[PDB]
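Shown next as structure tokens: one chain only, the form deposited in one PDB entry.
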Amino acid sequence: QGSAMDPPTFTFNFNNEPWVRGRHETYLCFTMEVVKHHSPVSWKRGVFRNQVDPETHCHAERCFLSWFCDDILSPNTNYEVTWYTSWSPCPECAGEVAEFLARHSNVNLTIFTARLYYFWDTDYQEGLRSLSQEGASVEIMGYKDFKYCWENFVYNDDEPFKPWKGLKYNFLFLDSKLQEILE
């Protein structure tokens, strides 16, 4: 589960301009409601933070899966889990994930992402492709969701969310490209 992020670390890593430059980390946020015989018994949620440069799988998406398996995934359960990530995933992790999913119906996942990482690369595209196609919701994190993250996952000091400019357009464009990839 880790720690929440100070406001700087958040607004910086969650800034949604498609070509932002200097974001050497994927910040992965999540809410998860555990659900045993249909009654949600508990809710746990958190923030994993690591690098995005390809050295194998010390990728945020994997440190997630390792933790999920160590301290959770009980035998007979159903999980509800969703992700607020700063960068979309690499394609290799998009693999290990989509796979773990096809291999566990008792996990339902949905992905909200500030940015599409390398959205123009046939290979990254095909990753997103197999996540959508294999039972995961995948969409571009917009206003609703940003505010959501400002309150939940950040040491905000009970202060209010202040949007950055273009956030509305930045969203609009990323979603155009995304519905494009999947079309």
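All residue numbers refer to positions in the sequence shown, first residue = 1. In this text, the rigid core denotes the largest set of C-alpha atoms whose superposition between the two forms falls within 1.5 Å.
Only in words, not in the display: the form deposited in another entry, which the text now covers.
Once the rigid core is used as the reference frame, the Cα position of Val41 differs between the shown form and the other one by 2 Å or more. After superposing the rigid core, the Cα of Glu55 is displaced by 2 Å or more between the shown form and the other one. Shown here is a form in which the CA atoms of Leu73 and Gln51 lie at least 3 Å farther apart than they do in the other entry. Relative to the shown form, the CA atoms of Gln51 and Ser66 are brought 3 Å or more closer together in the other entry.
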